[PDB]
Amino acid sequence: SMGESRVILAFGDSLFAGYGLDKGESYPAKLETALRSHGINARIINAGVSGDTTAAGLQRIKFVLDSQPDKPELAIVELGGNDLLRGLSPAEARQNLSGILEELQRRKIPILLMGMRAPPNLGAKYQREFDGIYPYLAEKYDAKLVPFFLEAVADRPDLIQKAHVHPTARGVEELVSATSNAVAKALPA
């Protein structure tokens, strides 16, 4: 094909950085290769930072854009998972994401928003509030939306790394039952 590559900014967290994976296995790297089959030669800027909250992304969006030799032709924004993990305010996550999308819109950079979903352990009130920020933002900022970015691994624990183990309340009881004998024996009489 003719011409310079199309520049796409992948602005997100561990899901873009490729946490736990080898060189070239991250979502941005594999997406770059897959777009060839759509007639697109892309250069995807991997601006994934593991652990980034919506606030962290807001704090760096201008610097990341100002650091680019070539202005992005599309920005893919994938943030909010770490706010969820931390149980942070969904309202504040929506405010922080609004600031990121406002900067992209100021620069006339098209947006694709990757929708995040809350798991049930946060409870229905939190989960409904969190989940609704993404459609709200996509309509407000005239952004395209992938409603559930992780949908294709939702029912596939074989496609997810064994990483953090946070026992549930019942899991804690299981651990206590297995280890209390050891603790009692270690405590001097």
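Just count from 1 along the sequence shown to find any residue number.
Would you tell me which stretch averages the higher CA B-factor in the PDB entry, 116-124 or 57-65?
If you average the C-alpha B-factors of 116-124 and of 57-65, the larger mean comes out for 116-124.
Take the C-alpha B-factors listed in the entry for 125-133 and for 32-40, compute each mean, and give the stretch with the larger one.
The deposited B-factors put 32-40 ahead on the C-alpha mean.
Looking at the entry's B-factor column for C-alpha atoms only, identify whether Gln105 ranks in the lowest, middle or highest third of its chain.
Its C-alpha B-factor belongs to the highest third of this chain's values.
By the recorded C-alpha temperature factor, relative to the other modelled residues in its chain, which third is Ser180 in?
It falls in the middle third of the chain.
Third of the chain, ranked by Cα B-factor, where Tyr141 sits:
For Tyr141, whose C-alpha B-factor we compare with every modelled residue in the chain, the answer is the highest third.
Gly87: which third of its chain by C-alpha temperature factor?
For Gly87, whose C-alpha B-factor we compare with every modelled residue in the chain, the answer is the highest third.
Taking only the Cα B-factors deposited for this chain, tell me whether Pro157 sits in the lowest, middle or highest third.
Answer is highest: the recorded C-alpha B-factor places it there.
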